[PDB]
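A.B. asks: This one's experimental. Sequence and coordinates below.
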Amino acid sequence: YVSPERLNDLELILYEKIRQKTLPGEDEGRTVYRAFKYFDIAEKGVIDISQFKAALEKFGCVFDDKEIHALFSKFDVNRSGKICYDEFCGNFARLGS
Amino acid sequence: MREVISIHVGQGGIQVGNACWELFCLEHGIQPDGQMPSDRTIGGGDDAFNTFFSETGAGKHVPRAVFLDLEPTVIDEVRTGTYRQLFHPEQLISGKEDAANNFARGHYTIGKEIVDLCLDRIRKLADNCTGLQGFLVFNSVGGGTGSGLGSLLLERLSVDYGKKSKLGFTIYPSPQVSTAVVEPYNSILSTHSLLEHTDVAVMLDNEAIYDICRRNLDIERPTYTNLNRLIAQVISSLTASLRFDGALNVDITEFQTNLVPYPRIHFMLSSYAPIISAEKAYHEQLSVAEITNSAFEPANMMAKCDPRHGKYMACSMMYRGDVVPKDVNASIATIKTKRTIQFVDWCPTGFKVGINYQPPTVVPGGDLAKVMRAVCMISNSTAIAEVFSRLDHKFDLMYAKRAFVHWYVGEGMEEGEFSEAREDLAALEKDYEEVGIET
Amino acid sequence: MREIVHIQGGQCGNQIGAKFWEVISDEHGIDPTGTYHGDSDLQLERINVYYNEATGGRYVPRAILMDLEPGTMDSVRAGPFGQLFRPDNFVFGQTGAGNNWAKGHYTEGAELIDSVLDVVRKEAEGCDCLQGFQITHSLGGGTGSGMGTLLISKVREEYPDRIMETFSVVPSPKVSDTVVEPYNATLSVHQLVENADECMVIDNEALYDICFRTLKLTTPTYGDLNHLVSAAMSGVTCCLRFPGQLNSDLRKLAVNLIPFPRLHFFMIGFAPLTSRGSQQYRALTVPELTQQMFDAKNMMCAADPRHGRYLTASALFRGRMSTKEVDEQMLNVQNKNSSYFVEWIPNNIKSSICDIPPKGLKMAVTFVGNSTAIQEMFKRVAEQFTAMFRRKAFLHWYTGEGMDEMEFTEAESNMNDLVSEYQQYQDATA
Amino acid sequence: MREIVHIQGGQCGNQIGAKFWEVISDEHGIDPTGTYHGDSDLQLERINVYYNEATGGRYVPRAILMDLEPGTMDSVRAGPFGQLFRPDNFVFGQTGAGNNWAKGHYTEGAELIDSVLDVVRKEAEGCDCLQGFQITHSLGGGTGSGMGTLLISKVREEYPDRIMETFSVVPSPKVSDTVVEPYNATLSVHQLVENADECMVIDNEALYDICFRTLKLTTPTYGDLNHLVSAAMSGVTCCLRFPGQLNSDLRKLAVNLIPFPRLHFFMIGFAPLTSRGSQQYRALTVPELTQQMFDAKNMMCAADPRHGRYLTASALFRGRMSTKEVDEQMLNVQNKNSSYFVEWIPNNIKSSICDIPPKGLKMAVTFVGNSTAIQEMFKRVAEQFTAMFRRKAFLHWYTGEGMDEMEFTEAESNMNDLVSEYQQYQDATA
Amino acid sequence: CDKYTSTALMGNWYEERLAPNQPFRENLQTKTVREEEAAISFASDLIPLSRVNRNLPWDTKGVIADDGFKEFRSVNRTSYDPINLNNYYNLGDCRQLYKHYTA
Ligand SMILES: Nc1nc2c(ncn2[C@@H]2O[C@H](COP(=O)(O)OP(=O)(O)OP(=O)(O)O)[C@@H](O)[C@H]2O)c(=O)[nH]1
Ligand SMILES: Nc1nc2c(ncn2[C@@H]2O[C@H](COP(=O)(O)OP(=O)(O)O)[C@@H](O)[C@H]2O)c(=O)[nH]1
Ligand SMILES: Nc1nc2c(ncn2[C@@H]2O[C@H](COP(=O)(O)OP(=O)(O)O)[C@@H](O)[C@H]2O)c(=O)[nH]1
Ligand SMILES: [Mg+2]
C-alpha cells in the first residue's frame, strides 16, 4: 500500500508522455482512446488490470503492479474492476486542455 | 542454427505472407502474441523454430521477415490485425505513394528512397543470423512496386551478399484471367532483371489455382485467402526438411545441384497433392501410389501450362508423413514406365527424393482435411516456353503503336530499354527450344 | 496520408459539391455539427483524406467555394450541412458573369483569382502529402466554364505532377437552358485538353433519362441528379479511403485508362439502381451488377456507347465478394462483346475491389470507361458552333472585352483535330 | 529585481497606457481596487517588476502620467481600472500645446518638466536594481512629441547605461487628422534617433487594416487598437516576468536585434487573431502561429516587409510546446525565403520560450523585426515635409518661440542620412 | 400521377404511392430556412452578404435506400478471426460420456 500525494505526480508524468506521443492536430484524449481501443478486443468498453498495465507500458511508463492497482483504483470509482475508458479519455482531455 | 530470411514486397507479396506466417506460428504451437504457451513443451520440438523464429531472451519469438510496400494500406492493416503484437515494429516498412501500376516509378523515381532502409534491416537480420542458408522472395510481377522494387532489391542483394542462394515465388498473369491492362509491359521488363540475379523461380499464376479449388474443394466462390493458404502449404512442405527429422533430408542447396542443368535455365513450376476436402477424404484410400500419380496429372499442376507439350529435365519429390522408402521407389518406377510422361535423352535419372516424418498440419477454419501423407513436386520442363511465348505475343501487339509508353518515358526510363527486354526473352525462348532437341 | 483537395465553381458546381459533401459526411458518420457519431472504427482511420481536424474534435471539409455572385453561396450556407464549410473558404465578387466566357476569364475572373489562388495554396501546403485535385463545374455557363478553367491553368502551372480530376456538365441539345452555349463550351473544351489529366463528361439529359426509365419516379429535380453525380464521385475514390483486396488510387486509373496524352475524356456510370417499388424482388449477385453496369442506357452521357469501340475500361467493386466471379464476368463480357472492344489491345478492362460498400447496401460498382463514342458529344457542339459563327452572331460582347476572332478560330480548329485523332482509332486496324 | 518603470505622455500615450495596465492587471489577477485575487503563486512571485507595495497589501503601478491638458487624465481617472494609479504620479499642465512642437518642447514643456523629472528620479532611485524605461506616445501630436522626447533626452543624459524603449505612433498620409503633422513628426524622429535605444513604430493605418480584415468587425473604435497595442506590449516582456525554457530580456533582444547603433527601428506583430465566427474552425498549432507571424498584412506598420530585406528577427513564444518544433519552424521559414534575408549575417533569427500563455489562449507569439523596408515611411514623411517647407507654410508658429530654420534643415539632413544608411546596408553584399 | 392527383389508376400510379412525404411540395408557403443570421464572417465584400429565405430541401434519397445491411467488416479481419485458433486450442476430445455443463 502507498497513496501519498504521489498518484497526482504519476498522473502528471502520464500526461506529459501522451502529449509527447500525440499526433499533430489532435488532442491527448484521441491518442489515449486509440491506445485503449488498440488493446481491447471485447469492444464492450471495459478492460481489466493487465490491459491497463500494458496500455501504460506502450506509452513507455514502467511501474510495478502495486501502483497499477493504485492508479486503477483512482479511476475505477465503482469498485467494479472494469474501467470505462470513455471517461478516462474525457478526463485526460480536460486536464490536457 | 540453420535458417532462412523471407522477403515480402508489394501487395501480392504481403497478402501471401499473411497465410504462410499464420501456418508457421501454428505449426510450432506459437501464439499470435508470440508467447509459446508452454503446456509441458519441455523441448517437444526443442531446437526447430530457429528456421523461422528467433528467441527474444525471455518468452516471445520474433519472425525473420521484412515487409515492403509503397502504399500503407496493407501494411497498416497488418499492424492492426490479429498479428499486431508478433512482427517487429520497424520491420514493417511502409512507403508514401504507391507505384500506381508503373515499372519506372518503382525502379527509378520513388523506389530508390526505400532500398537504403530495407538493406539496413536485412544487414541487421543477417548479423543476428549465424547459419544463413539463403533468401526467399515473394512478389507479384504484373504490378508496379512488386516488379519495380523487387528487381531493385535483387540487384542490390546480389552485390552486397554474393553467392547466397535465392528462390523466387513469382506470380505471372494468367492467359486470360487477369486484373491490369498494362501488365505485359511490367512483366516483360521484370524478367530482364531476375533472369541473371535469382537461382530458382517458381510460377504461381492465379487461373491454375482457381481450377484446383473448384475441381477438388468444390468451392465455386473462392477468394485470395483460399489461394494464399495453398501457396503457404507448398512453402512449408518445401522447407520442412530443414527443420524436422527425416529419413532423407534435403536442404535448399540440394536444389541448384539437382534441378538446374544450365545457368540460364532455372524456371520451374510446382504441384501439390493430395488436395481434398473434409467430406470426401475418409471414403478414399489416399495410398502413396495414388498421391504420387495425381501429382503428375496435368490439370493438378499449379501453373497454367500443359507438360505434355514438352519434355522433362529434373523433378524433386518431397514426401511427408508415414511414407515408406520402398513404396516410393515402386511408385516412381511405374511413372517412368508409362509413355505419356517422357523425359529428355541426356538425363537418364531425373528424380530427387526427400522424406520427412512430420505429417501435414491443418489450420482451423481451412478447407483441407487432416491427412497422413502429402507430396510436393517441383519440375523443370521445356514446356515453360509456352507461357513466355504468349507474353511476347501480348507485348509486340500493343507495342507496335507505342501504347502507354509515355507513362514510362516520363518517369526516367529510356525508350531503348523496351527493346533490350524483348531481345533477351527472344534469346531465352530459343534456349529452351535448342535444349529440347535430341542428340 | 495522400489527401485530396476540393474546388467547386459556378451554380451547378456549387450544388454538386454541396450534395457530394452531404453524401460523404453521411457515409463517414459526421453530423451537420461536425461531431463524429459513427459506428465502426474504419470510418475514422482515413478521415483525413477528406476532412481536416480542429480544436474541439470537429471536422471541417477542405473545400473551396468560388463564384462571381453571392446568390448561390448564400443558398449553400442556408441549406443543410452548410455549417461544415469554413467561413474563410468563400470568395466572391459582386457582379457575376452573365453567361459570358470573357467576363469570367479575362476581366472579372482574373481580378478575383488571386485570393482563391492564395486560399488554394494555403490549403495545399497545409496537408502532409498532397495527392491531387478534383473539380466540379459546368462548361455551359459564364463564371464556371471560364474562371474554373483559368484556375485550372494556374494550379496546373504551379503543381505539375499532381493528378487533376474534372466533372464537367457539358451542354446537350435536347435540353437547352442558354442561347450562347457553343461559344464558351468550345473555348473551355479547348482550354481543358492541355491541362486536365482526367475529364468525366455529364449530361443533364442523360440523368433525366435515367430517372425516368430506371428509378421510375415521376417528378425528380436537380436534387436527385446531384445525388447520382455525388454517388458516382464518392464511388470513384472508395479504395483511397477503405481497405480492400486490390487497392487502386487515382493515378492507377490514369495509367490503365490513358493510352495517349490527348485521350482522357471518359464516361461514367453507377450500379445498382432500382425503383422503390421493385427493391426487394431482385437478388444481390455479381452478374446482376455487371449486367446493369454494361447497360447502354445506364451511362451518364447522351452518346450511345454501342456506336463505337472501348479503348479501356475500369470497374471498382465494393463489398465482400469472390474475386473469381469478378474476373470470370469481365472475361465473359469481353468475349461475347468482342465487337465493342478494340482488338489491338489485350485485356482492356481493369477491376478493383473494396471491402466497404456504401451504407445500407451490400454491393455497389462504379464504372469508368474510355470509348470512341465521346466524339459525337464534341461533334454536335462544334456543329452548332460553326453554324452560329458563320453569321458572327452574339460575338460583339466577346469582342468588346479584349477578345479576338483569332481565339475562336484556334478553338474550333483544336476541336476538329481532337475529334479526328480520337475517332481514327475506331477505323485503324493492326 | 530588474524592474522597469512606465512613462506615457499625451492623449494617445495615456489611452495606450490605461488599457496596457488593464491587461497587465488582468494577467496578474489584480482587481480594480488593487487587491490580489489570483489562483497560482507564479502570478505573485514576480509582482515587483510592475507593482510596488502599499497599505493593506495593495499594489500600485510605477507609472508616471503626464500631459499639458487635464481632460485626458480626468477621463482616465474615471475609466476602468482607474483606481490603481497613485494620485502623486499625475502631472498636469494648465494650458496645452496646441499641436505645436515648439510650444511643447521649448516654452511650456521646459517650465513644466522639472516636476515630472523629479518624480521619475524618485521612482528610479526607489528600486534596488533598475532595468530600463519604456515610453508610449504619439509623434503626430504636439505635447507628446515635444515634451516626451525632451524627457527622453534628459533621462538619457542622467542614466546612461540603462536601456530605453519607445512605443511610438507615427502618422500616415491616408488616415490624416492634422495639417501640421510633418514638421513635428520629422523633428521628433530626429530627436528620437538621438536617445532612444529601441523604437517600435506603430501605425493607426495598420491597426485599422488589421481590425477591418482579420478580426472582421464592422465598427472598430480606438479601444480595439489600444487593446492590440497593449497585447503586443505585454507580450514583448513576458519572459522577464514568467519562467521559461529559454530566458530572454530586453537587453538580450537589443543585442540580438541591433547590428549597428543607428539601426534601431523595429516593426512588430502579434498572433493569433481570429474573428468570433472563426474561432471554432481553426486549430492552434506552431505551424499556423509561425505562418501568421511573418504575414505582411499582420504587421503594425504601413511598410511592406517584402519590399526589403530583414536584418534581424526575434520571436517570443508563450505556452507549453516542444523546442524542436520551434527550431525546425524557424529553420524552414528562413530556408524557404532566402531572398528576403540579407546573406552576410547567417542565422539572423532568434527564439525564446515562456510557459505561461495569456488568459483565454493556450499559445501566443510576439514578433519583433528589424528590416530595411521601414525606410519608406521616413521617405514619404520627408517628402511631405519638404513639399510643405519649400513654401515656408505654417512656419510663423514654429519661429515664434525662438526656433530657427537651422534646426529644420539639420533634422531634414539627419533623416535623409538615416534613410541613406538603411538603403546602403540593404544593398550590401559580401 | 398523369395529369391527376393520385388515388386514381392512371399511368404510373403504383410507384408514387410509396413517396415518403416530400414536405416541400405541399408546403409552398412557409419558405423560412432563415438560420444564417448576420454572421459577419462569410463574408465581407464592410457589408455582410445579403441573405434570402431559402425553400425546403426536397427529400432526396434517390440512390437505393438501406437494405438492413450494417456491414463495416474487412475480408482480412473475418478471414483469420482468432476464434478459430482459440477453438483449435484448449478444447477437443469432447464426447459427453457423463453429463457436464460447458461454455
Ligand atoms: N494469387 C494472388 N495474387 C495477388 C494477390 N494480391 C495481388 N495479386 C496479384 O497482383 C497483381 C497486381 O499487383 P498488385 O498486387 O495489385 O499491386 P503490386 O504488385 O504491389 O504493385 P502496385 O500496384 O504498384 O502496388 C494482380 O494481377 C494479382 O494477380 C493475392 O492476394 N493472391
Ligand atoms: N445536373 C445539374 N445541372 C445543373 C444544376 N444546376 C445548374 N445546372 C446546369 O447548369 C447550367 C447553367 O450553368 P450556369 O449556372 O449558368 O453556369 P455559370 O454561369 O458559370 O455559373 C444549366 O444548363 C443547368 O442544366 C444541378 O443542380 N444539377
Ligand atoms: N492608435 C491610437 N491612436 C490614437 C489614440 N488616440 C489618439 N490617436 C491618434 O493621435 C492623433 C492625435 O494625437 P494627439 O492626441 O494630439 O497627441 P498629443 O498632442 O501628444 O496628446 C490622432 O490623429 C489619432 O489618430 C489611441 O488611443 N490609439
Ligand atoms: Mg501496392
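C.D. replies: Sure, I can see it. Numbering: from 1, shown residues only, chains lettered A, B, ... in the order given. Ligands and ions are numbered 1, 2, ... in the order given.

A.B. asks: Tell me where chain B has helices.
C.D. replies: Applying DSSP state H to chain B gives helices spanning B:10-27, B:72-79, B:115-128, B:144-160, B:183-194, B:207-212, B:224-239, B:253-259, B:288-295, B:325-337, B:385-399, B:406-409, B:416-435.

A.B. asks: Give the buried residues for the fourth one.
C.D. replies: What that stands for is helix B:144-160. The neighbour-count check on helix B:144-160 (16 or more other Cβ atoms under 10 Å in any protein chain shown) flags B:144-157 as buried. C-beta coordinates here come from the backbone N, C-alpha and C atoms, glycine included.

A.B. asks: elements contacting it?
C.D. replies: Helix B:144-160 is packed against strand B:3-9, helix B:10-27, helix B:115-128, strand B:132-138, strand B:165-170, helix B:183-194, with contacts defined by 3 or more Cβ pairs under 8 Å, 6 or more residues apart in numbering or on different chains; DSSP states H and E.

A.B. asks: Now find how far off-centre the longest one is within its chain.
C.D. replies: Per Cα atoms, centre = their mean, to the nearest Å, the displacement of helix B:10-27 from the mean C-alpha position of its chain is 12 Å.

A.B. asks: thinking again about what came up before, closest to ligand 2 out of the buried residues of helix B:144-160?
C.D. replies: The closest of the buried residues of helix B:144-160 to ligand 2 turns out to be residue B:144 (Cβ to the nearest ligand atom; 36.3 Å).

A.B. asks: Skipping adjacent residues, who's closest to that closest one in space?
C.D. replies: Once flanking residues are discounted, residue B:144 sits nearest to residue B:99: 3.0 Å by Cβ to Cβ, 6 or more residues apart in numbering or on different chains.

A.B. asks: swap in residue C:292?
C.D. replies: Excluding its sequence neighbours, the residue lying closest to residue C:292 (Cβ to Cβ, 6+ apart) is residue C:271, at 4.4 Å.

A.B. asks: got a list of what the one you found touches?
C.D. replies: If you count contacts by Cβ atoms under 8 Å, 6 or more residues apart in numbering or on different chains, residue C:271 has them with C:289, C:292-293, C:298, C:364-365, C:367.

A.B. asks: how about 7 Å then?
C.D. replies: Residue C:271 sits next to C:289, C:292-293, C:298, C:365 when contact means Cβ atoms under 7 Å, 6 or more residues apart in numbering or on different chains.

A.B. asks: between those, which is closest to residue B:79?
C.D. replies: Nearest to residue B:79 among the contacts of residue C:271 is residue C:365, at 29.7 Å by Cβ to Cβ.

A.B. asks: May I have the secondary structure class of the closest one?
C.D. replies: Three-state call for residue C:365 (DSSP: H, G, I helix; E, B strand; the rest coil): strand.

A.B. asks: what number of residues lie near the residue of chain A found nearest chain E?
C.D. replies: For chain A, the residue closest to chain E is residue A:41, as judged by Cβ to the nearest Cβ, at 8.4 Å. When neighbours are defined as other Cβ atoms under 10 Å in any protein chain shown, residue A:41 has 10 of them.

A.B. asks: which SS state does it fall under?
C.D. replies: Following three-state DSSP, residue A:41 is assigned to coil.

A.B. asks: Tell me the spacing between it and residue E:86.
C.D. replies: For residue A:41, the distance to residue E:86 (Cβ to Cβ, to the nearest Å) stands at 11 Å.

A.B. asks: Also residue C:356?
C.D. replies: 27 Å.

A.B. asks: the more surrounded of the two?
C.D. replies: Taking neighbours as other Cβ under 10 Å, residue C:356 and residue E:86 compare with residue C:356 leading, 22 against 11.

A.B. asks: in what helix or strand does the spatially closest residue to that one that is not a sequence neighbour lie?
C.D. replies: Computed as Cβ to Cβ, 6+ apart, the closest residue to residue C:356 that is not its neighbour in sequence is residue C:242, at 3.8 Å. Under the criterion DSSP states H and E, no helix or strand holds residue C:242.

A.B. asks: My guess is residue C:242 contacts residue C:355. True?
C.D. replies: Yes. The pair residue C:242 / residue C:355 is scored as a contact, 6.2 Å apart, by Cβ atoms under 7 Å.

A.B. asks: quick one: which of those two has more around it?
C.D. replies: Between residue C:242 and residue C:355, counting by other Cβ under 10 Å, residue C:355 is the more crowded of the two (25 against 20).

A.B. asks: give the contact list for that one.
C.D. replies: Contacts of residue C:355 (Cβ under 7 Å, 6+ apart): C:242-244, C:320, E:74-75.

A.B. asks: could I get those residues as CSV with distance to residue B:75?
C.D. replies: Output for these, formatted as CSV (distance: Cβ to Cβ, whole Å):
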residue, distance to residue B:75
C:242, 16
C:243, 11
C:244, 14
C:320, 22
E:74, 14
E:75, 17
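
A.B. asks: I'm done for today, thanks for sticking with me.
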